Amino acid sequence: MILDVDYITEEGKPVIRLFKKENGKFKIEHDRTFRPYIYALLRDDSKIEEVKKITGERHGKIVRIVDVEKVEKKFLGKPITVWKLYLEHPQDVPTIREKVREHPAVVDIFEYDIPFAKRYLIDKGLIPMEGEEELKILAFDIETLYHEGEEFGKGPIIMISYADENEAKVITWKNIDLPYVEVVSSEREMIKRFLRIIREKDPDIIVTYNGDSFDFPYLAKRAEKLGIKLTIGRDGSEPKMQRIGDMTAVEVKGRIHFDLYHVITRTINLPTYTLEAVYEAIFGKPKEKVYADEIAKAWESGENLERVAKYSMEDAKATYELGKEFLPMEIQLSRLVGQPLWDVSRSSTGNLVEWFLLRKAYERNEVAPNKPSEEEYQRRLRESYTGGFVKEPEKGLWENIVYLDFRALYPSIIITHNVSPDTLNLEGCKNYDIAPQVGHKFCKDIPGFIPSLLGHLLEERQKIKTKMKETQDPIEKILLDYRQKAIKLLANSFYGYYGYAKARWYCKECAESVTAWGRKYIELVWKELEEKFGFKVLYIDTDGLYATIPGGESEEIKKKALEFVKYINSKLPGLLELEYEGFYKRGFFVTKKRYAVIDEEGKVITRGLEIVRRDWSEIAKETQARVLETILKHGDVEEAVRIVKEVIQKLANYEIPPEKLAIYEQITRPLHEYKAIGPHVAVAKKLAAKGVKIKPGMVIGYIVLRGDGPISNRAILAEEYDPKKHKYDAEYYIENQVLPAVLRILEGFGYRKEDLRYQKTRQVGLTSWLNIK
């Protein structure tokens, strides 16, 4: 099983190496026979003579086109005759590229910016992570004293935790009596032990969570300051920096450094991406966090280091669990396109698609288009681009709502309407499919390059789903659930690739067409859903529609909704298909992208309403939830308002516990750098005078008080607050806390702040106590 690929140089000759794990044994294969090459389209395939003589220089010698051969590949489907100009070394290519495309003999050149190791996998037909070799996974995390406004690498690395298939340890240089803590002599020794563990564990994949920017780099700094060689690579080499995308990653020559951050962050949205939050939002299980202030104190005054150590073994156990979690998919994905896990785990879906096409381009005899030129790329970034269709929602509260959505909408459209660059507006085709508004033409005679591949990807997926629900090997029934998910991810990525600025097979027309057709089928479904089955469409967004038969019975709706589906799928063309996706007892749609629904299991689903960020006190969070469940579970905005008013009142009559008033926030940096001085930032420097921690990494809880100046100068630590001595600013918690949280939901029903504010007495008119009035 191929783990990764690279090449060293010997005698000025490339020596591609293959890092394999065949039968528990790490093996390195060398191949001094592959050769760099570019393609040249000669207008006169005879000028190849004075053209194969050009030469350049990079580090002395004069690079010579060590060969040429007239090959017959094809371009965008049409025939073409180019020349394969071999070179002795990869580096020689940038040299002669600048030239070769100068001599009027060439019309243009192709496949010239493709990395040697990558060109190898493709051409050699090799696909990574192919096979079923047991890979050794090892996760690791580091804890340091580093903060923010300080030198990166200056503060020592306090601990180094790691975990695997069966073990979770912590290495530190201060005593802690715990079966899982390995006490050691010094920081240097900690690093030594760590280097030893990987030597003994010998992992194929080293998992980290943001190890690319934090762990490894920080580790490097320390190793250096302490004069130690970081022999992590299976060849004794050190972790190396490697530019990828627009960032700087880290690799380990003989192993695969898998950094979860890139993978996670791009497959799940979240307010922030702390290890804690992620572990929580993936397993539900919570994970306690320990902060700067704590850690520094425990390390200084050697007391309490037990919990600061558990946090550490916790970090590793987490990173490992997440790794096993996300590794299966990324691996199958790496298998899917033909590139190394290291690369894939850090790539965008667009670059993931590009890689796929490049090898699918070579499998067929298709020459690849080039990346846009710097100016092309620029005026492309400037060009507007299409997005998901969204229907202004119908207002009010609705019951018995069904959600219908298209299955693989864009991929389906790309396939059934043969939307591809090579089929766009060809002439003399027996048949065409025409994009709804933009009127683009697509030849239906021969399957387009992309549509062909996408069609096969989807057929191959059903295959999976079939051989899946069948077999009785749960482990397999799992591995292939992954293989089908990887295909799902990859296919859903083609739509956006079409508009990916740096894409070779870029085609703005295809993009617009897919969108217009999306609109057409959405509107068609919408049309017949209301005009024939008597439904009322409540909200549409990109793929799905929400609907209901106003006033109708719950079972009638479920029955007819399903009747409509089978009915419309008969009329929909090609692979276009709608499905009865879900049902909701009740729900409401505020604005585009902002709504709330609830299933029969009582499970609430919401978008753009619920307040998250710690920026909100529990009184705000709690009430909003009271409001949301009363309306969704019982259907009455009226009892919801009643609730809000009662809470607003309690806030005013100082009847709410200080805890449901505390707002927490961490100090991002020194309190001398803060421009905008919020409450905590002020409770920070306020305690700073009182001489205390104030280390950029700790959270300051606060409570605003009934002062006179701005909030800031009036907040007391969430503890320096004591009743019968403190009067919190109820107005603040009412006007800037509870009302905003609750009005996102009640505003739509017609409610206003005036309607929810409180006041013991209200001025009344005299006129009713008057008679001739």
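The numbering used is simple: start at 1 and walk along the sequence shown.
Peer 1: Which of the two stretches, 556-564 or 300-308, shows the higher mean Cα temperature factor in the record?
Peer 2: Taking the mean C-alpha B-factor of 556-564 and of 300-308, the larger value falls to 300-308.
Peer 1: If you average the CA temperature factors over each stretch, which comes out higher, 11-19 or 746-754?
Peer 2: Here the higher of the two C-alpha B-factor means belongs to 11-19.
Peer 1: According to the Cα B-factor stored in this entry, which of the following is highest: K78, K593, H440, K645?
Peer 2: In this record, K78 carries the highest C-alpha B-factor of the candidates.
Peer 1: Going by the deposited entry, which of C510, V641, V106, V252 has the highest CA temperature factor?
Peer 2: Spelled out: the listed residue with the top C-alpha B-factor is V106.
Peer 1: C-alpha B factor of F283, ranked within the chain: lowest, middle or highest third?
Peer 2: Its C-alpha B-factor belongs to the highest third of this chain's values.
Peer 1: Taking the entry's C-alpha B-factors for this chain, is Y674 in the lowest, middle or highest third?
Peer 2: It belongs to the highest third of the chain when residues are ordered by C-alpha B-factor.
Peer 1: Based on the entry's values, in what third of the chain does the Cα temperature factor of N400 lie: lowest, middle or highest?
Peer 2: Its C-alpha B-factor, which the entry lists for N400, ranks in the lowest third among residues of this chain.
Peer 1: By the record's CA B-factor, is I772 among the lowest, middle or highest third of residues in the chain?
Peer 2: Within its chain, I772 is a highest-third residue by C-alpha B-factor, going by the deposited values.
Peer 1: Split the chain's modelled residues into thirds by Cα B-factor; is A715 in the lowest, middle or highest one?
Peer 2: Tercile = highest for this residue's CA B-factor.
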